[PDB]
Structures are given as C-alpha cells and as structure tokens.
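> Structure in structure tokens, see below.
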Amino acid sequence: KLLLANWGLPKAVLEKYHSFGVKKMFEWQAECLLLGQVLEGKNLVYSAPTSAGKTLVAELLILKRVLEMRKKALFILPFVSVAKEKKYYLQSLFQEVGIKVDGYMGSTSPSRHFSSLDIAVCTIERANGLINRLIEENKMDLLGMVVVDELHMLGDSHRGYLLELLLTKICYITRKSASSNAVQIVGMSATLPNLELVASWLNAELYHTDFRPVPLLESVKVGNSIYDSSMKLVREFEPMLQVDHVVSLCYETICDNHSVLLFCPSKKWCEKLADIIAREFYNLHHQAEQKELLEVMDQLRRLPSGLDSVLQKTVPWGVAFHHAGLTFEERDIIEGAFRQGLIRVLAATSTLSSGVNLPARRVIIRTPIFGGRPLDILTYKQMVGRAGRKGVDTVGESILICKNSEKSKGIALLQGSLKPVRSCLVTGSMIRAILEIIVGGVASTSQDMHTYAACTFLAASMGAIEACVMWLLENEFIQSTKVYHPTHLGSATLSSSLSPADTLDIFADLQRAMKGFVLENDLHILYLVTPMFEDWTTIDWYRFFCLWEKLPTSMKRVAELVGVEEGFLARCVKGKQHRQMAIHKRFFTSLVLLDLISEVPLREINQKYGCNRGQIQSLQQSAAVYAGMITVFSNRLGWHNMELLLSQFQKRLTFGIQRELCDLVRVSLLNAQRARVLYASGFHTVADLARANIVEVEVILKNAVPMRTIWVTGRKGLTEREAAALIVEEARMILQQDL
Ligand SMILES: COc1ccccc1-c1ccncc1C(=O)Nc1nnc(OCc2ccc(Cl)cc2)s1
C-alpha cells in the first residue's frame, strides 16, 4: 500500500511528486492517513520528525479537501521564509491540476482576490486576519480546510496565541452550527507531551510517531572524548590536522565528501568560525564545483550589498557563514549553495534551526549556552533534527561541544524532552479574542461569551471574559444595549488586524496627525506607518544626533509635529521618558525607512545609520505590514484623506522603491534594482514592459552590475536572458489578466 500511485492522486501531482523524489510513503504516514474518519473531516493532529516527511500527509489531505469538496484551504506557517518556500513548493506541485495557490505572508498579498484563490499559504498573523474577514462578511462556507504546520507554536510564542485564536474561533463556528465536519483542521507538531490534550481540544484524531528515515546519533563532546546520549563513551576523537577541535571535526566530516552544520550562538562567532575553517581548508589542503562556486560568488556580487568581505574570504573554500546579519537574498544564496553541496561548512545561528529545511550530515553545536542562556530543548531538537540527509546518508550525527560544568547542561539537553504546550490566554490575547467574536457578530450575549471561552484551549487544559468585556466597553470598542455590538472603532480594530491595546494609541496618533500634517516630504506618512522600535537595531545616539543636525529644512518640522525634540534627541542620551524614548526611536526608525523609500543603497544606509542590512530588511518588512494595517484601519474609519496618502507606502516599503517604480515592481522579478535600471531606460510602466523588446531588456539587465548571476526570490539564480524574458512575460500576464 505504501506507494504514491496506489493512493488516489492526480496524475499531474503524482508526476510532480516523483520529481522531488517522493515516490513511496512511509508506514507512519499511511497509519496517520488511515486513522478512522480523518479522510472525511475528523480533524487530524499528528507528530513526526521534520525529516520524516511530515507535510506529505497535510498536502495529501489538502488535495482531497480541495478536489472532492471544492472549497478554500489555509496553510498556516510559523515564519515568512518557510511560508514562502512552502508557497513556491505548493505552487510548483499544484499548478498543473489548476489549484490556484497564493500566499499571505508578511506584507505581500495576492494580486487576485481570495475568492479566485483555492489555497492560501498564510503566516499565523495574516491567516487570523483572513479568517476574520471571512467571518465578517460571513463567507465562512468557502473555508473547508485549515492546515497548521508547527502546531507546537500555539503555546508560548509572540504569534502562537493568534494560532489558538484562529482555531477556537473556527471550532465555535463549527460547534454553533450544530445547534464529518464543516471546516477540517490538520495540525503538524513535534514530540510534544500533551499532544493528546491538543487532539481532544480540536476533536481531531491523534497520530504520534517517532520514525526517522535516517537514524540519529546525538552525542556530547568533552575534551577529547565523545559520549553518547546515555553518558556512554562511543568514540575517542583524535584531531587529524589541528592548529574543541571544531576545525578538526569539520575536517573529519569533509574528508568523507560530506557537509557540516555548525550552530554558533552569535553572528561574530559565525563569521570568525567560518574564517577559521576557511583558513585551515586553504593551508591544510593547499600546502600554502569550482565553476558552480564561482557562479555563486558572481551571484553574491550582483546584489545591492554586493559581495561580503568575510564571504569573499570564506566561500571560495567551501566554508561560509549564514546569520541574520546578511540580507535575505544573501541568506537564500548561501542556503542554496549549502543545499546543492557547493558549500561544505556552514556556520549558522539558531535562526536557521526553525527556518528552512537544510539538512547536513553532521550538526555541530558549539556550545550549550546560546546567548547567555542554556539552549532551548525545542531549539536543540530543531537543530539536531537536521543531522542526516534522507536518501544520501546512512546515519546522521549531532555533536554538542561542552566542557567542565557545561557538561551538565549538555547532558540535560541530551536527555531532556519538550515542554508541554500552553494557552497564553485580563490579557491582550483574551481581549483580542473577545473583540474578534463580538465584532464578527458570531457571539452577542455574555452567556455566549463564556460559551466561547468554553471552546478555547484553556477549557480543554482543565471571570476573565467579564473583565475583557468591561475593558472593551470602557474603551469604546463595544456598545451595550446587555447585548454587545461593535462600534466604528471596534469594527476598525478587527478589520485592520491590530491589537486593541495598540489600536488606542494608533487612533490617537492618526487623529492627531490629521489635525496637522506635513505633505512636503514622506516622513509624516512614514512616522505613522513605522511600527515601533522593538529591538530592530542598537541605535547609536551620536550618529542619530549627527543625522538630525543634517536634516532638510522640512524634516525637523515633521519631527516637532510628532513629538521629537532637540534637547532630547540623541542629546541627553548622547552623554549617557518611556514615551519620548518611543518617539525618538520611532523618529530614527522613520529616518531609516526614509532612505529605504528614497532608494538609497543598503550599504550607504548601513554606513550612515550603523544598522546592518539584515536588520534594515527586517525593519522594512515590518513597516510595510504596519502600513497595510494602518491603511485598512483608516479605510474602515471613514478617513479618506489619510487612507489615500497611506495606500502606496505598503508597496514603497515592501520593495524599498520610489513612486515611479510602483507599477514596475508589480512584476515578481523587479525588486528595487532590476526596476530602477529598467526604469532609467524609458520603461516606466508595466505597459511599456509587456512589449519591451526582449533582447533589449536582456542588454539592460546585463548592464549596471553592483552564468545565472541574477538572483530571484523563489527562482534562485536566473540567467540575464531568462530573467528579463520572465520579466516581460510577467508584465504581459499582469496587464493582460488585470482587466
Ligand atoms: C491589516 O491587514 C493587513 C493588511 C496588509 C498587510 C498586513 C496586514 C496584517 C498585519 C498584521 N496582521 C495581520 C494582517 C492581515 O493580513 N489582516 C488581513 N485581513 N484580511 C486580509 O485579506 C484576506 C481576505 C480578504 C478578503 C476575503 Cl473575502 C477573505 C480574506 S489580510
């Protein structure tokens, strides 16, 4: 029975699955897919190692709930990078059968309407908003499927509560129409202890497996000795050519024509511990594919930030580093190079662990102490689950390097297990949930309000709702007639997907901005769409004051109209208040975005502001999301003179462009530099680019360099000719299917 052809499956999807290598399932997937009425709608909650092909069952169930019972489906993923990878994977897997798959990730939204879509690959943040939109207009009959990758995220997380709110709201809808399902829910999780609780909460069937196609050997390293998980010595390591012996371990891994993952606790540590192995691989291997590696170097060299000095020293030896400091393009290039075997040693941080699927033969975790704290058991499991490539390696090795006292934390990580899932639900999450149900009209009376809380994970794990209702009533989010009805502010909060806690100050700030606005720059329209400071960078006070001393004769007008000062503007803090700190740290943040929408090169922004390019890109993505939310908030409040101003800044921040390119960047392959060089040559509209001379745009893309040197997000590397051919084809499709 274990064969993808025996199971009912489209021929096109079957032949696409044979391309990636999936031709015979495992026993665990069959036992999970044949777990009673799961194929009919009984929700499904299952656990498996990430290397065991967890998502195959989810994709099969989607194809089912989409083909047989034609309806929409949601694929909720934890992060934007993995969500985009899954969106492109599902697109390449489902294009032939005609299932329109599009993504709601970060700032990007599908050009086509959600009604035209058939699968929405969403982040946790945007899937909740999508379901809120479906409930408001009441199009909840379109939804028939919801898939939640990384179900364990529903516990303690900054975006996990939105996951719980996503399901307890759906279940109520299914359990209020009952006065094998109407909306199926399929969840993928890790080896959680209380998975059962989660399975019973969602009524889902529970499937737990521990099968790993490639066996895993986790071990600790103390001094020169290697011990297994159960405090048993397994090997006496002796360095081959050593000048921790981290480099010797990497050398031993490399000698057998394999690759290695090296998880370091910081960025500078990754850059240092990739330089070191590069130096030894030169000296130890030169007594002093290439072509593919030179292609990778050239791909990295035609980027807005260009080549990196440490990357330049490391990469032409098989060794490199992959941390959050690099741009998303550089990170994807390095990840692709490692995935193809071109890069053999990858010094990465913990951020990779939870990101893309990047398996390595040996995973060396330098220290059990990550960022001054012991490594998380979930983080450790995520790292060591990458040890072993399926279908290539016979085994996989994880080596955690510990010493002295550190040995204790290492053995604790070796013998530890995942903590149980939580609920995280007065509190902001419960306020959000109460507002979501009341404003959607799904629940009106307080008896219904407690009935809703009887459907949440808190009720399954085993007052607050009254406090939440009181808070929403006292803050004019909700009116009482005691039937609770949404107000205009309460409806606008649920529409623009913002926390009701933040929406109060957002309302005050926008209302103050309407009274006095500065239209002679884009800084006032940016201070409103600037999310916060958070921790996106470590602000240098002197640098800030210097920039401020050199602002146009019109910026400081915007600075003083929003709350910034000069007596406290990188002044007092220069030689050394919770709101003024949040204003200046928002002013600086709004200055950086000012250079992002002014098309300033990332390296120049880094030099003038001191923030690296990864932080700048993260900030611009967050600001674009916030701009979209603020635009919807003003749209639903009847603020036509502010929504009109904000309607373009989401795109101008997503792509970091000027207004002129806002039509060119609609093309998927025109980010902010293949559109500026294509705009200077006379193409200023997606109309002029549909018939743009093919060979002409090839020449233009060949010029202006900061074979497949051009790198495209989701398309990896593209040759100039193929790149601009796809550019003109995308322009043709955009202008042809939008009218
Ligand atoms: C405020 O909405 C944003 C808009 C731009 C960019 C980011 C956000 C955002 C930010 C932070 N958290 C969440 C969101 C979010 O996506 N909320 C959404 N609500 N509705 C959407 O459209 C989906 C949709 C539309 C029509 C139908 Cl019939 C069905 C579904 S998206």
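Going through the structure tokens in order, the chains are called A, B, and so on, while each chain numbers its residues from 1 and the ligands are numbered from 1 in the order shown.
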Would you please extract all helix (DSSP H, G or I) residues from range 426-457 of chain A, as assigned by DSSP on the backbone, and give them as a list in words?

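Written out, the helix (DSSP H, G or I) residues of range 426-457 of chain A are residues 428, 429, 430, 431, 432, 433, 434, 435, 436, 437, 438, 439, 446, 447, 448, 449, 450, 451, 452, 453 and 457 of chain A.
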
> Keeping only N, CA, C and O atoms, write the selected residues as a short mmCIF file (atom, residue, chain, number, x, y, z; two decimals), in the first residue's frame.


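Once written, out_17.cif looks like this:
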data_model
loop_
_atom_site.label_atom_id
_atom_site.label_comp_id
_atom_site.auth_asym_id
_atom_site.auth_seq_id
_atom_site.Cartn_x
_atom_site.Cartn_y
_atom_site.Cartn_z
N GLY A 428 -3.96 40.52 26.76
CA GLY A 428 -4.15 41.03 25.41
C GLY A 428 -4.76 40.00 24.47
O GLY A 428 -5.55 40.34 23.59
N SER A 429 -4.40 38.73 24.65
CA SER A 429 -4.95 37.69 23.80
C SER A 429 -6.44 37.49 24.03
O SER A 429 -7.20 37.35 23.07
N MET A 430 -6.88 37.48 25.29
CA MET A 430 -8.30 37.30 25.56
C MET A 430 -9.10 38.52 25.12
O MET A 430 -10.23 38.38 24.64
N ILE A 431 -8.53 39.71 25.26
CA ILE A 431 -9.17 40.92 24.74
C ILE A 431 -9.33 40.81 23.23
O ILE A 431 -10.40 41.11 22.68
N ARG A 432 -8.28 40.37 22.54
CA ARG A 432 -8.35 40.20 21.09
C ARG A 432 -9.40 39.18 20.70
O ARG A 432 -10.15 39.39 19.74
N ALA A 433 -9.47 38.06 21.42
CA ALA A 433 -10.44 37.02 21.10
C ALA A 433 -11.87 37.49 21.32
O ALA A 433 -12.76 37.24 20.49
N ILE A 434 -12.12 38.18 22.44
CA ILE A 434 -13.46 38.69 22.72
C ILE A 434 -13.87 39.71 21.66
O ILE A 434 -14.99 39.67 21.14
N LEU A 435 -12.96 40.63 21.31
CA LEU A 435 -13.27 41.58 20.26
C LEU A 435 -13.53 40.86 18.94
O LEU A 435 -14.45 41.22 18.20
N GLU A 436 -12.75 39.83 18.65
CA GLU A 436 -12.90 39.11 17.39
C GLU A 436 -14.27 38.46 17.29
O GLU A 436 -14.91 38.50 16.23
N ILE A 437 -14.75 37.85 18.37
CA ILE A 437 -16.04 37.18 18.30
C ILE A 437 -17.19 38.18 18.31
O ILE A 437 -18.16 38.04 17.57
N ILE A 438 -17.11 39.22 19.16
CA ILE A 438 -18.23 40.14 19.25
C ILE A 438 -18.37 40.95 17.96
O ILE A 438 -19.45 41.04 17.38
N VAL A 439 -17.26 41.53 17.49
CA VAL A 439 -17.32 42.40 16.32
C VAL A 439 -17.68 41.60 15.07
O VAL A 439 -18.33 42.13 14.16
N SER A 446 -23.36 37.58 26.93
CA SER A 446 -22.26 37.14 27.79
C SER A 446 -22.33 35.64 28.06
O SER A 446 -21.29 35.02 28.31
N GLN A 447 -23.52 35.05 28.03
CA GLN A 447 -23.61 33.60 28.09
C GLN A 447 -22.89 32.97 26.90
O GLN A 447 -22.12 32.02 27.06
N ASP A 448 -23.12 33.51 25.70
CA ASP A 448 -22.35 33.08 24.54
C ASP A 448 -20.88 33.41 24.70
O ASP A 448 -20.02 32.69 24.18
N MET A 449 -20.56 34.48 25.43
CA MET A 449 -19.17 34.87 25.57
C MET A 449 -18.41 33.85 26.41
O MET A 449 -17.25 33.53 26.12
N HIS A 450 -19.04 33.35 27.48
CA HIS A 450 -18.45 32.29 28.28
C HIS A 450 -18.50 30.95 27.56
O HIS A 450 -17.61 30.11 27.74
N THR A 451 -19.52 30.73 26.72
CA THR A 451 -19.54 29.53 25.89
C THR A 451 -18.34 29.51 24.96
O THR A 451 -17.73 28.45 24.75
N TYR A 452 -17.98 30.66 24.39
CA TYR A 452 -16.80 30.74 23.54
C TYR A 452 -15.54 30.36 24.31
O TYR A 452 -14.73 29.56 23.83
N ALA A 453 -15.36 30.92 25.50
CA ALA A 453 -14.21 30.57 26.33
C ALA A 453 -14.24 29.11 26.77
O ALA A 453 -13.19 28.57 27.13
N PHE A 457 -8.50 26.57 24.32
CA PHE A 457 -7.56 25.60 24.86
C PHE A 457 -7.53 25.63 26.39
O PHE A 457 -7.18 24.63 27.02
#

> Skip residue 419 in chain A itself and residues of its chain fewer than 5 positions away, then list as a VMD selection string all residues within 10 Å of it, counting only C-alpha atoms.

chain A and resid 152 155 191 to 194 376 to 378

> Can you tell me, as a list in words, what residues are no more than 7 Å from range 212-229 of chain A when counting only C-alpha atoms, ignoring any on the same chain fewer than 2 positions away?

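Using only C-alpha atoms, the neighbours found are residues 49, 51, 52, 210, 231, 232, 233, 234, 235, 236, 237, 238, 244, 387, 388, 390, 394, 395, 396, 397, 398, 399, 400, 401, 402, 403, 410, 414 and 415 of chain A.
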
> Got time to write the residues from that selection, N, CA, C and O atoms, as a short mmCIF file (atom, residue, chain, number, x, y, z; two decimals), in the first residue's frame?


data_model
loop_
_atom_site.label_atom_id
_atom_site.label_comp_id
_atom_site.auth_asym_id
_atom_site.auth_seq_id
_atom_site.Cartn_x
_atom_site.Cartn_y
_atom_site.Cartn_z
N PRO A 49 9.09 13.45 13.19
CA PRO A 49 10.32 14.21 12.97
C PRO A 49 10.24 14.98 11.66
O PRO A 49 9.61 14.55 10.70
N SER A 51 12.35 15.40 9.44
CA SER A 51 12.97 14.67 8.35
C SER A 51 12.15 13.46 7.89
O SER A 51 12.55 12.78 6.95
N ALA A 52 11.02 13.19 8.54
CA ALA A 52 10.20 12.03 8.22
C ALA A 52 9.14 12.30 7.17
O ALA A 52 8.32 11.42 6.89
N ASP A 210 7.58 8.19 15.95
CA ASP A 210 8.98 8.53 16.21
C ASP A 210 9.88 8.03 15.10
O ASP A 210 11.10 7.93 15.29
N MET A 231 25.23 8.96 28.64
CA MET A 231 26.51 9.08 29.35
C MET A 231 27.44 7.90 29.09
O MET A 231 28.11 7.42 30.01
N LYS A 232 27.51 7.44 27.84
CA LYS A 232 28.35 6.32 27.46
C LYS A 232 29.33 6.76 26.39
O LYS A 232 28.92 7.30 25.35
N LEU A 233 30.62 6.53 26.63
CA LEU A 233 31.63 6.88 25.64
C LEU A 233 31.46 6.02 24.40
O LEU A 233 31.33 4.80 24.49
N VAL A 234 31.45 6.67 23.24
CA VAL A 234 31.26 5.97 21.98
C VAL A 234 32.49 6.05 21.08
O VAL A 234 32.73 5.11 20.31
N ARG A 235 33.28 7.11 21.17
CA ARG A 235 34.47 7.25 20.34
C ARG A 235 35.46 8.14 21.06
O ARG A 235 35.07 9.04 21.82
N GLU A 236 36.74 7.89 20.82
CA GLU A 236 37.83 8.72 21.33
C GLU A 236 38.35 9.55 20.16
O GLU A 236 39.18 9.07 19.38
N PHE A 237 37.87 10.78 20.05
CA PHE A 237 38.22 11.62 18.92
C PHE A 237 39.68 12.06 19.02
O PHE A 237 40.13 12.50 20.09
N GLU A 238 40.41 11.95 17.92
CA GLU A 238 41.77 12.45 17.82
C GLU A 238 41.85 13.36 16.60
O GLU A 238 41.51 12.92 15.48
N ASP A 244 38.23 21.71 21.74
CA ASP A 244 37.04 21.82 20.92
C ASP A 244 37.31 21.18 19.58
O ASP A 244 36.46 20.46 19.04
N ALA A 387 20.38 16.69 11.25
CA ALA A 387 21.52 15.79 11.10
C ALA A 387 21.08 14.56 10.31
O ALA A 387 20.30 13.74 10.80
N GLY A 388 21.59 14.44 9.09
CA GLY A 388 21.25 13.31 8.25
C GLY A 388 20.39 13.69 7.06
O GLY A 388 19.26 14.14 7.23
N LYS A 390 18.13 12.59 4.00
CA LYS A 390 17.34 11.44 3.61
C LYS A 390 17.72 10.98 2.21
O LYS A 390 17.80 11.80 1.28
N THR A 394 23.62 7.28 5.48
CA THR A 394 23.13 6.11 6.20
C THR A 394 22.74 6.45 7.63
O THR A 394 21.78 5.88 8.16
N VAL A 395 23.46 7.37 8.27
CA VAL A 395 23.14 7.86 9.61
C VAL A 395 23.33 9.37 9.63
O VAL A 395 23.82 9.97 8.67
N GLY A 396 22.92 9.98 10.73
CA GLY A 396 23.16 11.39 10.95
C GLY A 396 23.73 11.59 12.33
O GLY A 396 23.38 10.88 13.27
N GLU A 397 24.64 12.57 12.44
CA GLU A 397 25.38 12.79 13.67
C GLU A 397 25.13 14.20 14.18
O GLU A 397 25.18 15.16 13.41
N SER A 398 24.85 14.31 15.48
CA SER A 398 24.82 15.59 16.16
C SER A 398 25.87 15.56 17.25
O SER A 398 25.94 14.60 18.02
N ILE A 399 26.71 16.60 17.30
CA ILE A 399 27.80 16.69 18.25
C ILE A 399 27.65 18.02 18.97
O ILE A 399 27.86 19.08 18.38
N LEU A 400 27.30 17.97 20.25
CA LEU A 400 27.22 19.17 21.07
C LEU A 400 28.51 19.28 21.88
O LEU A 400 28.83 18.39 22.67
N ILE A 401 29.26 20.36 21.66
CA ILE A 401 30.58 20.52 22.27
C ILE A 401 30.38 21.19 23.62
O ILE A 401 29.99 22.36 23.70
N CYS A 402 30.65 20.46 24.70
CA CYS A 402 30.55 21.03 26.04
C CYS A 402 31.84 20.79 26.80
O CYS A 402 32.76 20.15 26.28
N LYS A 403 31.92 21.27 28.03
CA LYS A 403 33.13 21.10 28.82
C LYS A 403 32.93 21.43 30.29
O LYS A 403 32.02 22.18 30.64
N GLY A 410 24.82 20.20 28.83
CA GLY A 410 24.82 19.39 27.62
C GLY A 410 24.12 18.06 27.80
O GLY A 410 23.32 17.64 26.96
N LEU A 414 20.74 16.60 26.14
CA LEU A 414 20.72 15.27 25.53
C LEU A 414 19.55 14.44 26.04
O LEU A 414 18.85 13.78 25.27
N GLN A 415 19.32 14.47 27.36
CA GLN A 415 18.28 13.66 27.97
C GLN A 415 16.99 14.42 28.23
O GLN A 415 16.07 13.86 28.83
#

> What do you get as a PDB file with N, CA and C atoms, in the first residue's frame if you pick all residues at most 6 Å from ligand 1, counting only C-alpha atoms and all ligand atoms?


ATOM      1  N   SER A 107       4.115  41.262   4.155  1.00  0.00           N
ATOM      2  CA  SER A 107       3.463  42.401   3.520  1.00  0.00           C
ATOM      3  C   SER A 107       2.786  42.047   2.211  1.00  0.00           C
ATOM      4  N   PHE A 114      -9.232  36.751  -2.958  1.00  0.00           N
ATOM      5  CA  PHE A 114      -9.256  35.493  -2.219  1.00  0.00           C
ATOM      6  C   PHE A 114     -10.302  34.537  -2.773  1.00  0.00           C
ATOM      7  N   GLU A 125       0.028  35.329  11.517  1.00  0.00           N
ATOM      8  CA  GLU A 125      -0.525  36.663  11.719  1.00  0.00           C
ATOM      9  C   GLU A 125      -1.619  36.980  10.707  1.00  0.00           C
ATOM     10  N   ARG A 126      -1.412  36.616   9.447  1.00  0.00           N
ATOM     11  CA  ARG A 126      -2.307  37.010   8.370  1.00  0.00           C
ATOM     12  C   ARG A 126      -3.440  36.021   8.136  1.00  0.00           C
ATOM     13  N   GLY A 129      -6.284  37.220  10.322  1.00  0.00           N
ATOM     14  CA  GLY A 129      -6.983  38.313   9.668  1.00  0.00           C
ATOM     15  C   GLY A 129      -7.844  37.845   8.513  1.00  0.00           C
ATOM     16  N   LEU A 130      -7.353  36.867   7.752  1.00  0.00           N
ATOM     17  CA  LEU A 130      -8.141  36.311   6.657  1.00  0.00           C
ATOM     18  C   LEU A 130      -9.413  35.648   7.173  1.00  0.00           C
ATOM     19  N   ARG A 133     -11.851  38.272   8.202  1.00  0.00           N
ATOM     20  CA  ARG A 133     -12.540  38.812   7.036  1.00  0.00           C
ATOM     21  C   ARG A 133     -13.621  37.860   6.543  1.00  0.00           C
ATOM     22  N   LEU A 134     -13.323  36.559   6.508  1.00  0.00           N
ATOM     23  CA  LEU A 134     -14.327  35.581   6.103  1.00  0.00           C
ATOM     24  C   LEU A 134     -15.527  35.567   7.039  1.00  0.00           C
ATOM     25  N   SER A 496      -8.556  46.128  10.519  1.00  0.00           N
ATOM     26  CA  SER A 496      -7.126  46.354  10.242  1.00  0.00           C
ATOM     27  C   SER A 496      -6.181  45.437  11.023  1.00  0.00           C
ATOM     28  N   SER A 497      -6.701  44.354  11.584  1.00  0.00           N
ATOM     29  CA  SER A 497      -5.851  43.368  12.275  1.00  0.00           C
ATOM     30  C   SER A 497      -4.772  43.915  13.212  1.00  0.00           C
ATOM     31  N   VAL A 625       4.152  45.854   6.632  1.00  0.00           N
ATOM     32  CA  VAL A 625       2.990  45.223   7.267  1.00  0.00           C
ATOM     33  C   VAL A 625       2.192  46.254   8.058  1.00  0.00           C
ATOM     34  N   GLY A 628       0.197  48.583   5.804  1.00  0.00           N
ATOM     35  CA  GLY A 628      -1.041  47.969   5.344  1.00  0.00           C
ATOM     36  C   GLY A 628      -2.116  47.966   6.415  1.00  0.00           C
ATOM     37  N   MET A 629      -1.734  47.628   7.647  1.00  0.00           N
ATOM     38  CA  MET A 629      -2.706  47.618   8.739  1.00  0.00           C
ATOM     39  C   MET A 629      -3.278  49.008   8.988  1.00  0.00           C
ATOM     40  N   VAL A 632      -5.781  49.968   6.239  1.00  0.00           N
ATOM     41  CA  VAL A 632      -7.095  49.350   6.425  1.00  0.00           C
ATOM     42  C   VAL A 632      -7.833  49.994   7.594  1.00  0.00           C
TER      43      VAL A 632
END

> What residues in range 350-505 of chain A get the DSSP label strand (DSSP E or B)? Please answer as number ranges by chain.

A: 360, 362-365, 369-370, 373-374, 387, 396-402, 478-480, 484-486

> Keeping only N, CA and C atoms, take the residues you just selected and write them out as a PDB file, in the first residue's frame.


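This is the output file again00.pdb:
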ATOM      1  N   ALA A 360      22.131  18.571   7.067  1.00  0.00           N
ATOM      2  CA  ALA A 360      23.573  18.406   6.989  1.00  0.00           C
ATOM      3  C   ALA A 360      23.961  17.082   7.625  1.00  0.00           C
ATOM      4  N   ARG A 362      26.519  16.203   9.472  1.00  0.00           N
ATOM      5  CA  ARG A 362      26.880  16.375  10.869  1.00  0.00           C
ATOM      6  C   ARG A 362      26.473  17.773  11.308  1.00  0.00           C
ATOM      7  N   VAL A 363      25.805  17.854  12.450  1.00  0.00           N
ATOM      8  CA  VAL A 363      25.415  19.125  13.040  1.00  0.00           C
ATOM      9  C   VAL A 363      26.235  19.292  14.309  1.00  0.00           C
ATOM     10  N   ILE A 364      27.138  20.266  14.309  1.00  0.00           N
ATOM     11  CA  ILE A 364      27.981  20.558  15.459  1.00  0.00           C
ATOM     12  C   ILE A 364      27.434  21.804  16.132  1.00  0.00           C
ATOM     13  N   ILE A 365      27.005  21.659  17.374  1.00  0.00           N
ATOM     14  CA  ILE A 365      26.505  22.770  18.168  1.00  0.00           C
ATOM     15  C   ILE A 365      27.626  23.169  19.111  1.00  0.00           C
ATOM     16  N   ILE A 369      25.381  26.885  25.759  1.00  0.00           N
ATOM     17  CA  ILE A 369      24.930  28.204  26.188  1.00  0.00           C
ATOM     18  C   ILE A 369      24.770  29.068  24.942  1.00  0.00           C
ATOM     19  N   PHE A 370      23.530  29.429  24.624  1.00  0.00           N
ATOM     20  CA  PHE A 370      23.213  30.234  23.451  1.00  0.00           C
ATOM     21  C   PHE A 370      22.702  31.591  23.920  1.00  0.00           C
ATOM     22  N   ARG A 373      22.194  32.113  27.785  1.00  0.00           N
ATOM     23  CA  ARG A 373      21.217  31.235  28.407  1.00  0.00           C
ATOM     24  C   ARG A 373      21.355  29.837  27.827  1.00  0.00           C
ATOM     25  N   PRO A 374      20.980  28.809  28.589  1.00  0.00           N
ATOM     26  CA  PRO A 374      21.044  27.445  28.056  1.00  0.00           C
ATOM     27  C   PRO A 374      20.170  27.292  26.821  1.00  0.00           C
ATOM     28  N   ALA A 387      20.384  16.685  11.254  1.00  0.00           N
ATOM     29  CA  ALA A 387      21.522  15.787  11.103  1.00  0.00           C
ATOM     30  C   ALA A 387      21.082  14.563  10.313  1.00  0.00           C
ATOM     31  N   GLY A 396      22.917   9.979  10.727  1.00  0.00           N
ATOM     32  CA  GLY A 396      23.159  11.393  10.949  1.00  0.00           C
ATOM     33  C   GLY A 396      23.734  11.594  12.331  1.00  0.00           C
ATOM     34  N   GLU A 397      24.635  12.565  12.445  1.00  0.00           N
ATOM     35  CA  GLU A 397      25.384  12.791  13.672  1.00  0.00           C
ATOM     36  C   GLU A 397      25.131  14.200  14.182  1.00  0.00           C
ATOM     37  N   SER A 398      24.852  14.312  15.475  1.00  0.00           N
ATOM     38  CA  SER A 398      24.815  15.592  16.159  1.00  0.00           C
ATOM     39  C   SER A 398      25.872  15.563  17.249  1.00  0.00           C
ATOM     40  N   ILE A 399      26.705  16.597  17.297  1.00  0.00           N
ATOM     41  CA  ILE A 399      27.802  16.689  18.252  1.00  0.00           C
ATOM     42  C   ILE A 399      27.655  18.018  18.974  1.00  0.00           C
ATOM     43  N   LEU A 400      27.299  17.971  20.251  1.00  0.00           N
ATOM     44  CA  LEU A 400      27.224  19.172  21.070  1.00  0.00           C
ATOM     45  C   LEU A 400      28.511  19.282  21.876  1.00  0.00           C
ATOM     46  N   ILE A 401      29.258  20.359  21.656  1.00  0.00           N
ATOM     47  CA  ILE A 401      30.578  20.517  22.266  1.00  0.00           C
ATOM     48  C   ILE A 401      30.382  21.191  23.620  1.00  0.00           C
ATOM     49  N   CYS A 402      30.654  20.457  24.696  1.00  0.00           N
ATOM     50  CA  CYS A 402      30.546  21.028  26.037  1.00  0.00           C
ATOM     51  C   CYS A 402      31.841  20.785  26.800  1.00  0.00           C
ATOM     52  N   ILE A 478     -16.853  48.740  22.064  1.00  0.00           N
ATOM     53  CA  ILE A 478     -18.083  47.958  22.034  1.00  0.00           C
ATOM     54  C   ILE A 478     -19.158  48.731  22.784  1.00  0.00           C
ATOM     55  N   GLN A 479     -20.386  48.680  22.275  1.00  0.00           N
ATOM     56  CA  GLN A 479     -21.527  49.312  22.918  1.00  0.00           C
ATOM     57  C   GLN A 479     -22.467  48.255  23.481  1.00  0.00           C
ATOM     58  N   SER A 480     -23.147  48.602  24.569  1.00  0.00           N
ATOM     59  CA  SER A 480     -24.065  47.698  25.247  1.00  0.00           C
ATOM     60  C   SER A 480     -25.490  48.212  25.109  1.00  0.00           C
ATOM     61  N   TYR A 484     -23.925  43.075  23.223  1.00  0.00           N
ATOM     62  CA  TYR A 484     -22.730  43.825  22.863  1.00  0.00           C
ATOM     63  C   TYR A 484     -22.632  43.928  21.347  1.00  0.00           C
ATOM     64  N   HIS A 485     -22.535  45.159  20.846  1.00  0.00           N
ATOM     65  CA  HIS A 485     -22.437  45.417  19.423  1.00  0.00           C
ATOM     66  C   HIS A 485     -21.151  46.170  19.109  1.00  0.00           C
ATOM     67  N   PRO A 486     -20.505  45.866  17.986  1.00  0.00           N
ATOM     68  CA  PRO A 486     -19.292  46.600  17.614  1.00  0.00           C
ATOM     69  C   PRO A 486     -19.594  48.060  17.317  1.00  0.00           C
TER      70      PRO A 486
END
